[PDB]
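Student: First the structure, then my questions, so here it is.
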Amino acid sequence: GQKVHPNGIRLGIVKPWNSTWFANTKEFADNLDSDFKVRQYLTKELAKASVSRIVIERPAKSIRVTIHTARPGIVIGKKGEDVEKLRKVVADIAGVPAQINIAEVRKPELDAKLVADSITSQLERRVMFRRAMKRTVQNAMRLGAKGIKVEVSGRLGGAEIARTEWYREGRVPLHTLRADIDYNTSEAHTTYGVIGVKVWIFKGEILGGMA
Amino acid sequence: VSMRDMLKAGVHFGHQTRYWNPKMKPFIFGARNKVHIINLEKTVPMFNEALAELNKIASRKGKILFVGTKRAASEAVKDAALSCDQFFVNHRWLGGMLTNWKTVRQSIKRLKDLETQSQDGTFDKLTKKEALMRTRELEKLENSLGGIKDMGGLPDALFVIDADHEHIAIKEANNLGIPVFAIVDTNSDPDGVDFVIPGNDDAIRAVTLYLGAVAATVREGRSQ
Amino acid sequence: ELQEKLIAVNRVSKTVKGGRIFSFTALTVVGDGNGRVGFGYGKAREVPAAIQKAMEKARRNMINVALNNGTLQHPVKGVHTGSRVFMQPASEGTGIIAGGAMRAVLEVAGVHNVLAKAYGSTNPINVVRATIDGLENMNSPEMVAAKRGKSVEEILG
RNA sequence: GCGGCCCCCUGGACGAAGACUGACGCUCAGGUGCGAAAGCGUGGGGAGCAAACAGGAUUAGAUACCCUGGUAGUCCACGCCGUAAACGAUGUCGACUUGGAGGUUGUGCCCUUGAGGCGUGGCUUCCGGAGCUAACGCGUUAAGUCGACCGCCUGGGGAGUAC
RNA sequence: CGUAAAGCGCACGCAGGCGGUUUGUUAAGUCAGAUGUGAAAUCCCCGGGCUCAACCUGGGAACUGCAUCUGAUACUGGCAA
Ligand SMILES: [Mg+2]
Ligand SMILES: [Mg+2]
Ligand SMILES: [Mg+2]
Ligand SMILES: [Mg+2]
Ligand SMILES: [Mg+2]
Ligand SMILES: [Mg+2]
Ligand SMILES: [Mg+2]
Ligand SMILES: [Mg+2]
Ligand SMILES: [Mg+2]
Ligand SMILES: [Mg+2]
Ligand SMILES: [Mg+2]
Ligand SMILES: [Mg+2]
Ligand SMILES: [Mg+2]
Ligand SMILES: [Mg+2]
Ligand SMILES: [Mg+2]
Ligand SMILES: [Mg+2]
Ligand SMILES: [Mg+2]
Ligand SMILES: [Mg+2]
Ligand SMILES: [Mg+2]
Ligand SMILES: [Mg+2]
Ligand SMILES: [Mg+2]
Ligand SMILES: [Mg+2]
Ligand SMILES: [Mg+2]
Ligand SMILES: [Mg+2]
Ligand SMILES: [Mg+2]
Ligand SMILES: [Mg+2]
């Protein structure tokens, strides 16, 4: 049927929030709107920088943006120039001063967003959907995912009738709340429409929780 | 072992005439009161030869699997097998213990994981009810695989009680070339057994006689 | 090191409430090229998985054949179901003369010079079984001398 | 194919112990004979049953179906016919090969014999191993292992039809 | 040749096919050897000549047969017991 968002159901249990700040009702909406604009701009500007996660915090009258990426050197540029320009424009978008930090994701093949981006890019760049998804699971299991599942959906290969197909290796318990299931999604805009790709990666359970 | 020793224990009795396998004709002395009497003249020398071969196997670091799942003799088989640093199966033989050794290995890995976890800790990271549930699972697995939990690889020989009762294990052994020594009563089929010991297979006293002889010879081979 | 050859791939189907479920079967043969040959047969939803199951099965269930310098010891008949196979030793230079199913088995087995022919049903799955059985029952002069309680030349010479 | 009881004539089978003949045996093209039922010819007989038939409820039609009668026939004597899922869908005969539970019919020995326990034959039913088979299955009454002779088979339809 | 096409409905039985075991004899079948013959060309083997090949050609093998003679006597047949 219809399943709950894994990250959504697990938020506060074994998953952290992407945005972490306090604000009264007078400015909560404004903060959300600024967050949306900043994330949109950064995602588009760094589309080719393998950005995995944009954590926005709002210390006092400032905004700290942490970009989890698998390619820190591209984002940074020679001696910080690119970070500087990104910060200078994020400060414009937010209004308050801004600071940018870069966190490398050591093993991108275990990152759901990066896996989805790779598969989407391949599909747009004209590759066999079965080959692409099988290659990403194999790589994920090789790098050590306790489990992985990929679901491609919609007019695969230009077929007139859209179909859904999914591969799954290992174990991906989605009803276990203490399980660590990094889930993300991507859409491939191809000449015959939108192809949706969902990726779940199970990377062990958390007992102590630690939120 | 002595001919008198076996006769005293009653090795010579067998099943009824109506329930017999014709292939066991050479080892049957005759019939009295519609009950078959096994030939102990066949039993004693064959048992000695089985002891000698088992001595060689045990003397070359051989792994011996004692198998008998009769409710009468399971406890005796467990104790006798443990007395000689060997391995046993005392409850219902799982089909595929040898041919599906990969899945049995998965079960052994599960057992080791569970006890390592239950002694390192993490049960304090689990609800007391989850702790009890995992303990119950560990107990069941220990009952199922306690005798072979540390066998490590494929056994080097099988000793079997009531070949008919354990024919599945004999079939896997035949497929895998593992030599089978088996106590084969008049009603059983001796074709699948490399070393058939023709004698009673029910009486606990006779079972203990066979097992004690086997364990003594195994310890002789082990001591070196 | 062992050489493996896929003889035939076939698609089967099973009918269930919703409709037809398609699967595949794979027949493969592995050999050491020096008288040891095994055959395997696997099933799976997809062809590569079926072939891999077949390879794994084929590595076990293998037997030894007492070859003689790349040719057979003596003419042999094999029989399984409706597949009756006939093989005979051949002189050097002949090569492998056989139908495809027998050709693959003999090539991976290492019989360099053999004349073969299949009679009756040429169903590959049973032709392979009958060829394997025929090659298995084929004995050697040393084994027949051992059986008969004499020496080699006492049979040969 | 054979079904109350009795009598007259007659065929076949099986067992026990012996005596006798001394290869006199097996198979069989053509040929001869027997061959359910329906059917035909002659003449009887004809209770019940019953093709055909007739009637009784009966729509552009009664043919159906159900009831009421009911002839041939079914029975007998003599001829003819000569076909059937005439099936165990398994040609005849001989030899070898692990068992079990029954049935039926002889016959020997032994317990104290009646009951009962040990054998030894014939025919026969059901399970089942090896083996064989495409499988199903067959399995000492083989469809196993062989031998002798005979009868057939060669895509389906046309067709067991035409001449 | 149980069910895929294929065991006559069944029995007797002439011609025909086959036939238990021992001894002798026979040399019919059978085997061995030899002789004659199996035309030449063709096929095959070793060579030779056209610049090679096709082609021509030397010698041989073969032509599995038939007939006769002398031998062998296990098996089948005849005869005798
Ligand atoms: Mg819902
Ligand atoms: Mg198999
Ligand atoms: Mg064919
Ligand atoms: Mg006739
Ligand atoms: Mg009549
Ligand atoms: Mg009449
Ligand atoms: Mg009437
Ligand atoms: Mg009427
Ligand atoms: Mg009349
Ligand atoms: Mg007709
Ligand atoms: Mg007819
Ligand atoms: Mg009848
Ligand atoms: Mg009948
Ligand atoms: Mg018929
Ligand atoms: Mg006759
Ligand atoms: Mg049966
Ligand atoms: Mg006609
Ligand atoms: Mg038919
Ligand atoms: Mg008949
Ligand atoms: Mg004659
Ligand atoms: Mg004779
Ligand atoms: Mg002559
Ligand atoms: Mg000539
Ligand atoms: Mg020249
Ligand atoms: Mg010439
Ligand atoms: Mg004679």
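The chains in the structure tokens are called A, B, ... from first to last as shown; in each chain the residues are counted from 1, and the ligands are counted from 1 in the order shown.
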Would you name the residues within 10 Å of ligand 3, counting only C-alpha atoms (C1' of nucleotides) and all ligand atoms, and put them as a compact mmCIF listing (two decimals) with N, CA, C and O atoms, in the first residue's frame?

Tutor:
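And here is the file that came out, part_37.txt:
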```txt
# COMPACT_ATOMS: atom_id res chain seq x y z
N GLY C 82 15.31 -42.36 -23.46
CA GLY C 82 15.31 -42.68 -24.87
C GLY C 82 16.57 -42.31 -25.62
O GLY C 82 16.59 -42.44 -26.85
N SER C 83 17.61 -41.85 -24.93
CA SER C 83 18.85 -41.42 -25.56
C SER C 83 19.85 -42.57 -25.51
O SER C 83 20.37 -42.89 -24.44
N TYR C 119 21.57 -42.02 -30.93
CA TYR C 119 20.42 -42.67 -31.52
C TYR C 119 19.18 -42.40 -30.68
O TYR C 119 19.26 -42.20 -29.47
N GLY C 120 18.03 -42.38 -31.34
CA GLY C 120 16.79 -42.17 -30.63
C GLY C 120 16.58 -40.70 -30.33
O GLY C 120 16.85 -39.84 -31.17
N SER C 121 16.12 -40.41 -29.12
CA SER C 121 15.83 -39.04 -28.73
C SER C 121 17.14 -38.30 -28.49
O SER C 121 17.99 -38.76 -27.71
N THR C 122 17.31 -37.16 -29.15
CA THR C 122 18.49 -36.32 -29.01
C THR C 122 18.30 -35.24 -27.95
O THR C 122 19.02 -34.23 -27.98
N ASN C 123 17.35 -35.41 -27.04
CA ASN C 123 17.11 -34.49 -25.94
C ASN C 123 18.41 -34.26 -25.18
O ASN C 123 18.94 -35.19 -24.57
```

Student: What's the 10 Å shell around range 139-148 of chain C, counting only C-alpha atoms (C1' of nucleotides), without same-chain residues fewer than 5 positions away, as a list in words?

Tutor: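 Everything that qualifies: residues 65, 66, 67, 68, 72, 73, 74, 76, 153, 154, 155 and 156 of chain C.
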
Student: Mind writing the picked residues with N, CA and C atoms as a compact mmCIF listing (two decimals), in the first residue's frame?

Tutor:
```
# COMPACT_ATOMS: atom_id res chain seq x y z
N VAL C 65 37.25 -40.43 -15.40
CA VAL C 65 37.24 -41.34 -16.54
C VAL C 65 38.68 -41.68 -16.89
N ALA C 66 38.96 -42.98 -17.05
CA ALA C 66 40.30 -43.46 -17.34
C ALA C 66 40.56 -43.34 -18.84
N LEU C 67 40.95 -42.13 -19.25
CA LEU C 67 41.26 -41.88 -20.65
C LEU C 67 42.55 -42.59 -21.05
N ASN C 68 42.80 -42.61 -22.36
CA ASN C 68 44.01 -43.22 -22.92
C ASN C 68 44.54 -42.29 -24.00
N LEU C 72 39.31 -43.02 -26.07
CA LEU C 72 38.68 -44.00 -25.20
C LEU C 72 39.44 -45.32 -25.22
N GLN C 73 39.16 -46.15 -24.21
CA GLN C 73 39.80 -47.46 -24.12
C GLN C 73 39.19 -48.44 -25.11
N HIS C 74 37.87 -48.45 -25.23
CA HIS C 74 37.17 -49.42 -26.06
C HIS C 74 35.80 -48.84 -26.42
N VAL C 76 31.92 -48.13 -26.51
CA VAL C 76 31.02 -48.06 -25.37
C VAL C 76 29.63 -47.66 -25.86
N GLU C 153 49.78 -57.45 -19.80
CA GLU C 153 50.14 -58.17 -21.02
C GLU C 153 49.46 -59.53 -21.09
N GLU C 154 49.20 -60.14 -19.93
CA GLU C 154 48.46 -61.40 -19.92
C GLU C 154 47.08 -61.25 -20.53
N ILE C 155 46.54 -60.04 -20.55
CA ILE C 155 45.36 -59.72 -21.34
C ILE C 155 45.73 -59.12 -22.69
N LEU C 156 46.66 -58.16 -22.70
CA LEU C 156 47.05 -57.52 -23.95
C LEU C 156 47.82 -58.48 -24.85
```

Student: Would you mind listing the residues within 12 Å of ligand 24, counting only C-alpha atoms (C1' of nucleotides) and all ligand atoms, as a list in words?

Tutor: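 Listing the residues within 12 Å of ligand 24 gives residues 47, 48, 49, 50, 51, 52, 53, 55, 56 and 57 of chain E.
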
Student: Identify every residue of chain D that has at least one atom within 10 Å of any atom of chain B, counting only C-alpha atoms (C1' of nucleotides), and report the result as a PDB file with N, CA and C atoms (P, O5', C5', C4', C3', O3' and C1' of nucleotides), in the first residue's frame.

Tutor:
```pdb
ATOM      1  P     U D  98      17.007 -65.803  -5.342  1.00  0.00           P
ATOM      2  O5'   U D  98      15.561 -65.275  -4.928  1.00  0.00           O
ATOM      3  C5'   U D  98      15.236 -63.894  -4.976  1.00  0.00           C
ATOM      4  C4'   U D  98      15.672 -63.171  -3.729  1.00  0.00           C
ATOM      5  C3'   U D  98      14.837 -63.400  -2.481  1.00  0.00           C
ATOM      6  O3'   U D  98      15.098 -64.633  -1.838  1.00  0.00           O
ATOM      7  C1'   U D  98      15.297 -61.097  -2.712  1.00  0.00           C
ATOM      8  P     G D  99      14.167 -65.117  -0.621  1.00  0.00           P
ATOM      9  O5'   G D  99      12.904 -64.152  -0.686  1.00  0.00           O
ATOM     10  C5'   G D  99      11.807 -64.324   0.200  1.00  0.00           C
ATOM     11  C4'   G D  99      11.438 -63.029   0.883  1.00  0.00           C
ATOM     12  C3'   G D  99      10.097 -63.013   1.599  1.00  0.00           C
ATOM     13  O3'   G D  99      10.153 -63.586   2.893  1.00  0.00           O
ATOM     14  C1'   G D  99      10.273 -61.095   0.251  1.00  0.00           C
ATOM     15  P     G D 100       8.890 -64.384   3.478  1.00  0.00           P
ATOM     16  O5'   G D 100       7.772 -63.265   3.654  1.00  0.00           O
ATOM     17  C5'   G D 100       7.937 -62.223   4.603  1.00  0.00           C
ATOM     18  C4'   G D 100       6.776 -61.261   4.581  1.00  0.00           C
ATOM     19  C3'   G D 100       5.397 -61.870   4.761  1.00  0.00           C
ATOM     20  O3'   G D 100       5.093 -62.163   6.112  1.00  0.00           O
ATOM     21  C1'   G D 100       5.352 -60.306   2.990  1.00  0.00           C
ATOM     22  P     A D 101       4.082 -63.357   6.471  1.00  0.00           P
ATOM     23  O5'   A D 101       2.644 -62.742   6.172  1.00  0.00           O
ATOM     24  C5'   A D 101       2.194 -61.588   6.863  1.00  0.00           C
ATOM     25  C4'   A D 101       0.970 -60.994   6.216  1.00  0.00           C
ATOM     26  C3'   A D 101      -0.206 -61.933   6.017  1.00  0.00           C
ATOM     27  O3'   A D 101      -0.977 -62.101   7.192  1.00  0.00           O
ATOM     28  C1'   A D 101       0.170 -60.709   4.034  1.00  0.00           C
ATOM     29  P     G D 129       9.252 -50.768  -4.074  1.00  0.00           P
ATOM     30  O5'   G D 129      10.611 -51.587  -3.996  1.00  0.00           O
ATOM     31  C5'   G D 129      11.413 -51.538  -2.828  1.00  0.00           C
ATOM     32  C4'   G D 129      12.646 -52.384  -2.985  1.00  0.00           C
ATOM     33  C3'   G D 129      13.338 -52.291  -4.335  1.00  0.00           C
ATOM     34  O3'   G D 129      14.205 -51.174  -4.413  1.00  0.00           O
ATOM     35  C1'   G D 129      13.116 -54.562  -3.696  1.00  0.00           C
TER      36        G D 129
END
```

Student: Using only C-alpha atoms and all ligand atoms, tabulate the residues of chain C lying at most 10 Å from any atom of ligand 2, each with its closest atom pair and that distance in Å to one decimal, by chain and increasing residue number, as CSV.

Tutor:
```
residue,atom,partner,partner_atom_place_in_ligand_line,distance
C:40,CA,ligand 2,1 (Mg),8.1
C:41,CA,ligand 2,1 (Mg),7.0
C:42,CA,ligand 2,1 (Mg),8.4
C:57,CA,ligand 2,1 (Mg),8.7
C:61,CA,ligand 2,1 (Mg),9.7
```

Student: Please produce a file of those selected residues containing N, CA and C atoms, as a short mmCIF file (atom, residue, chain, number, x, y, z; two decimals), in the first residue's frame.

Tutor:
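Okay, part.cif is ready:
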```cif
data_model
loop_
_atom_site.label_atom_id
_atom_site.label_comp_id
_atom_site.auth_asym_id
_atom_site.auth_seq_id
_atom_site.Cartn_x
_atom_site.Cartn_y
_atom_site.Cartn_z
N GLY C 40 25.97 -30.19 -14.52
CA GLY C 40 25.08 -29.53 -13.60
C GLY C 40 23.87 -28.97 -14.32
N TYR C 41 22.80 -28.79 -13.55
CA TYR C 41 21.52 -28.32 -14.07
C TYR C 41 20.89 -27.43 -13.02
N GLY C 42 20.65 -26.16 -13.38
CA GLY C 42 20.16 -25.19 -12.43
C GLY C 42 18.91 -24.50 -12.93
N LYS C 57 26.54 -26.52 -9.04
CA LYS C 57 26.14 -27.92 -8.98
C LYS C 57 27.08 -28.80 -9.79
N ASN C 61 29.34 -33.59 -7.90
CA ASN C 61 28.67 -34.62 -8.69
C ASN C 61 29.50 -35.02 -9.91
#
```

Student: Can you work out the spacing between atom 1 (Mg, counted along the ligand's line) of ligand 22 and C1' of residue 75 in chain E in Å, to one decimal?

Tutor: 14.9 Å

Student: Run DSSP on the backbone of this structure and report the residues of range 94-134 of chain A it assigns to strand (DSSP E or B), as an NGL selection string.

Tutor: :A and (98-104)

Student: Store the residues picked out above in a file with N, CA and C atoms, as an mmCIF file, in the first residue's frame.

Tutor:
```cif
data_model
loop_
_atom_site.group_PDB
_atom_site.id
_atom_site.type_symbol
_atom_site.label_atom_id
_atom_site.label_comp_id
_atom_site.auth_asym_id
_atom_site.auth_seq_id
_atom_site.Cartn_x
_atom_site.Cartn_y
_atom_site.Cartn_z
ATOM 1 N N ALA A 98 26.390 34.725 7.411
ATOM 2 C CA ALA A 98 26.395 33.299 7.135
ATOM 3 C C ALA A 98 27.809 32.753 7.223
ATOM 4 N N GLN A 99 27.901 31.493 7.633
ATOM 5 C CA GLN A 99 29.140 30.737 7.623
ATOM 6 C C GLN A 99 28.863 29.359 7.041
ATOM 7 N N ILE A 100 29.835 28.820 6.310
ATOM 8 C CA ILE A 100 29.676 27.550 5.614
ATOM 9 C C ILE A 100 30.767 26.591 6.065
ATOM 10 N N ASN A 101 30.365 25.371 6.404
ATOM 11 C CA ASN A 101 31.270 24.283 6.729
ATOM 12 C C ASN A 101 31.036 23.137 5.758
ATOM 13 N N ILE A 102 32.069 22.324 5.559
ATOM 14 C CA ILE A 102 32.037 21.232 4.593
ATOM 15 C C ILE A 102 32.361 19.943 5.329
ATOM 16 N N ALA A 103 31.475 18.956 5.221
ATOM 17 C CA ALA A 103 31.674 17.640 5.811
ATOM 18 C C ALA A 103 31.748 16.602 4.700
ATOM 19 N N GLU A 104 32.871 15.895 4.622
ATOM 20 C CA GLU A 104 33.009 14.828 3.641
ATOM 21 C C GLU A 104 32.282 13.571 4.103
#
```

Student: Which residues, written as a list in words, have at least one atom at most 8 Å from range 175-185 of chain B, with only C-alpha atoms (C1' of nucleotides) counted and residues fewer than 4 positions away on the same chain left out?

Tutor: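 Selected residues are residues 14, 15, 50, 99, 155, 156, 157, 158, 159, 160, 161, 162, 163, 164, 170, 171, 189, 190, 193, 194, 195, 196, 197, 198, 199, 200 and 201 of chain B.
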
Student: If you take only C-alpha atoms (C1' of nucleotides) and all ligand atoms and a cut-off of 12 Å, which residues of chain E touch ligand 15, and what are their nearest atom pairs and distances in Å to one decimal, in chain and number order, as JSON lines?

Tutor:
```
{"residue": "E:10", "atom": "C1'", "partner": "ligand 15", "partner_atom_place_in_ligand_line": "1 (Mg)", "distance": 10.4}
{"residue": "E:11", "atom": "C1'", "partner": "ligand 15", "partner_atom_place_in_ligand_line": "1 (Mg)", "distance": 7.0}
{"residue": "E:12", "atom": "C1'", "partner": "ligand 15", "partner_atom_place_in_ligand_line": "1 (Mg)", "distance": 6.8}
{"residue": "E:13", "atom": "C1'", "partner": "ligand 15", "partner_atom_place_in_ligand_line": "1 (Mg)", "distance": 8.0}
```

Student: With only C-alpha atoms (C1' of nucleotides) and all ligand atoms counted, collect every polymer residue having an atom within 10 Å of ligand 26; state the result as a count of residues only.

Tutor: 9

Student: Residues within 8 Å of ligand 9 should be enumerated using only C-alpha atoms (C1' of nucleotides) and all ligand atoms and returned as JSON, numbers by chain.

Tutor: {"D": [46, 72, 73]}

Student: For chain C, work out the contacting residues on chain D at 12 Å, counting only C-alpha atoms (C1' of nucleotides), and write them as JSON, numbers by chain.

Tutor: {"D": [132, 133, 134, 135]}

Student: Save the residues we just selected, N, CA and C atoms (P, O5', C5', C4', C3', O3' and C1' of nucleotides), as a PDB file, in the first residue's frame?

Tutor:
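Saved as part.pdb:
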```pdb
ATOM      1  P     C D 132      18.062 -51.857 -15.506  1.00  0.00           P
ATOM      2  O5'   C D 132      16.663 -51.851 -16.258  1.00  0.00           O
ATOM      3  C5'   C D 132      16.344 -52.882 -17.176  1.00  0.00           C
ATOM      4  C4'   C D 132      14.872 -52.896 -17.500  1.00  0.00           C
ATOM      5  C3'   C D 132      14.291 -51.597 -18.025  1.00  0.00           C
ATOM      6  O3'   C D 132      14.546 -51.414 -19.405  1.00  0.00           O
ATOM      7  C1'   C D 132      12.849 -52.530 -16.393  1.00  0.00           C
ATOM      8  P     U D 133      14.646 -49.941 -20.031  1.00  0.00           P
ATOM      9  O5'   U D 133      13.171 -49.363 -19.894  1.00  0.00           O
ATOM     10  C5'   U D 133      12.102 -49.919 -20.644  1.00  0.00           C
ATOM     11  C4'   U D 133      10.791 -49.240 -20.333  1.00  0.00           C
ATOM     12  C3'   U D 133      10.791 -47.724 -20.379  1.00  0.00           C
ATOM     13  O3'   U D 133      10.743 -47.206 -21.692  1.00  0.00           O
ATOM     14  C1'   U D 133       9.633 -48.458 -18.455  1.00  0.00           C
ATOM     15  P     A D 134      11.805 -46.070 -22.072  1.00  0.00           P
ATOM     16  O5'   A D 134      11.049 -44.724 -21.696  1.00  0.00           O
ATOM     17  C5'   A D 134      11.769 -43.533 -21.356  1.00  0.00           C
ATOM     18  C4'   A D 134      10.791 -42.461 -20.962  1.00  0.00           C
ATOM     19  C3'   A D 134       9.941 -42.791 -19.742  1.00  0.00           C
ATOM     20  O3'   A D 134      10.568 -42.274 -18.578  1.00  0.00           O
ATOM     21  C1'   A D 134       8.534 -42.184 -21.535  1.00  0.00           C
ATOM     22  P     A D 135      10.848 -43.213 -17.335  1.00  0.00           P
ATOM     23  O5'   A D 135       9.496 -43.113 -16.501  1.00  0.00           O
ATOM     24  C5'   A D 135       9.245 -42.010 -15.611  1.00  0.00           C
ATOM     25  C4'   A D 135       7.811 -41.550 -15.713  1.00  0.00           C
ATOM     26  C3'   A D 135       6.772 -42.416 -15.009  1.00  0.00           C
ATOM     27  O3'   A D 135       6.553 -41.968 -13.676  1.00  0.00           O
ATOM     28  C1'   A D 135       6.123 -42.096 -17.245  1.00  0.00           C
TER      29        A D 135
END
```

Student: Ligand 21: which residues are within 10 Å, counting only C-alpha atoms (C1' of nucleotides) and all ligand atoms, as a PyMOL selection string?

Tutor: chain E and resi 19-22+76

Student: Work out how far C1' of residue 49 in chain D is from atom 1 (Mg, counted along the ligand's line) of ligand 7, in Å to one decimal.

Tutor: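 These atoms are spaced 5.8 Å apart.
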
Student: Could you list, with a cut-off of 10 Å and counting only C-alpha atoms (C1' of nucleotides) and all ligand atoms, the residues of chain E near ligand 19, each shown with its nearest atom pair and the distance in Å rounded to one decimal, rows sorted by chain and ascending number, as a Markdown table?

Tutor:
```
| residue | atom | partner | partner_atom_place_in_ligand_line | distance |
| --- | --- | --- | --- | --- |
| E:7 | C1' | ligand 19 | 1 (Mg) | 6.4 |
| E:8 | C1' | ligand 19 | 1 (Mg) | 8.1 |
| E:9 | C1' | ligand 19 | 1 (Mg) | 7.3 |
| E:10 | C1' | ligand 19 | 1 (Mg) | 8.0 |
```

Student: Store the residues picked out above in a file with C-alpha atoms (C1' of nucleotides), as a PDB file, in the first residue's frame.

Tutor:
```pdb
ATOM      1  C1'   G E   7      -0.648 -60.175 -29.689  1.00  0.00           C
ATOM      2  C1'   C E   8      -5.219 -63.286 -34.470  1.00  0.00           C
ATOM      3  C1'   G E   9     -11.527 -64.320 -30.005  1.00  0.00           C
ATOM      4  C1'   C E  10      -9.710 -69.262 -28.566  1.00  0.00           C
TER       5        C E  10
END
```

Student: Counting only C-alpha atoms (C1' of nucleotides), what is within 7 Å of range 69-78 of chain A, bar same-chain residues fewer than 3 positions away, as a CSV table (one decimal) with N, CA and C atoms, in the first residue's frame?

Tutor:
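Final output, saved to part-v4.csv:
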```csv
chain,number,residue,atom,x,y,z
A,49,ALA,N,28.6,18.9,-7.5
A,49,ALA,CA,29.6,18.8,-6.4
A,49,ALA,C,29.3,17.6,-5.5
A,50,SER,N,28.3,16.7,-5.8
A,50,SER,CA,28.0,15.6,-5.0
A,50,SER,C,27.6,15.9,-3.6
A,51,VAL,N,26.7,16.9,-3.4
A,51,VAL,CA,26.3,17.3,-2.1
A,51,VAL,C,25.2,16.4,-1.6
A,52,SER,N,25.5,15.8,-0.4
A,52,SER,CA,24.6,14.8,0.2
A,52,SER,C,23.6,15.3,1.2
A,81,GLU,N,38.2,29.9,-2.1
A,81,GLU,CA,37.5,30.9,-2.9
A,81,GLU,C,36.0,30.5,-3.1
A,82,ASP,N,35.8,29.3,-3.5
A,82,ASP,CA,34.4,28.8,-3.8
A,82,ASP,C,33.5,28.8,-2.5
A,83,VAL,N,34.1,28.4,-1.4
A,83,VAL,CA,33.4,28.5,-0.1
A,83,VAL,C,33.1,29.9,0.2
A,102,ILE,N,32.1,22.3,5.6
A,102,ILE,CA,32.0,21.2,4.6
A,102,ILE,C,32.4,19.9,5.3
A,103,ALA,N,31.5,19.0,5.2
A,103,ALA,CA,31.7,17.6,5.8
A,103,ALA,C,31.7,16.6,4.7
A,104,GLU,N,32.9,15.9,4.6
A,104,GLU,CA,33.0,14.8,3.6
A,104,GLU,C,32.3,13.6,4.1
A,105,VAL,N,31.5,13.0,3.2
A,105,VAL,CA,31.0,11.6,3.4
A,105,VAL,C,32.0,10.6,2.8
A,106,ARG,N,32.6,9.9,3.7
A,106,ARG,CA,33.8,9.1,3.4
A,106,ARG,C,33.4,8.1,2.3
A,108,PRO,N,30.6,7.3,-0.3
A,108,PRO,CA,29.4,7.8,-0.9
A,108,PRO,C,28.4,6.7,-1.3
```
